[PDB]
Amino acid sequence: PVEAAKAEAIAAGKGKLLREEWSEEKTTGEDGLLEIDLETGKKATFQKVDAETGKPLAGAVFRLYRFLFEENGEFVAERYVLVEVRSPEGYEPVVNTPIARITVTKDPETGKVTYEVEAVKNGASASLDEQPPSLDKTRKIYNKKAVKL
């Protein structure tokens, strides 16, 4: 979990680990919504939905890990990793699996904050949707239901 999150958060190039932080475990409601507030104050929105019906799912537990890296001995990178702690009941198990990666890159020539959301390419019962990496719209997360009999 914490290191798999760290491996997805580590960027390309020389680097150093400065801080490991995490939020509280959040439980999705009937709207399937997960609102994570970054340190900069921006809200990144995710939605846990059924991979077939698209119905929003309650009972899914998430946790957001925050990593601070020194990059190239010149910058401080802030990389977030969203982890699904528990899949919703009746759905295929997703225990401590990273889903999304958020990179906060501040423009050096006096620019505003820029956020970029990537997906973790790991075969699991849950996966982030495919969309241009920006915080404009809500990013869906699909969960495979466990078929009985």
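Counting begins at 1, following the sequence as shown.
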{"query": "Per the entry, higher mean C-alpha B factor between 58-66 and 104-112", "finding": "104-112"}
{"query": "Greater mean Cα temperature factor according to the PDB record, 39-47 or 77-85", "finding": "39-47"}
{"query": "Highest-ranked of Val117, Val95, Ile99, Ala124 once sorted by CA temperature factor in the record", "finding": "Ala124"}
{"query": "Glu25 CA temperature factor, ranked by third within the chain", "finding": "middle"}
{"query": "Position of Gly15 among the chain's modelled residues by C-alpha B-factor, lowest, middle or highest third", "finding": "lowest"}
{"query": "CA B-factor ranking of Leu135, expressed as a third of its chain", "finding": "highest"}
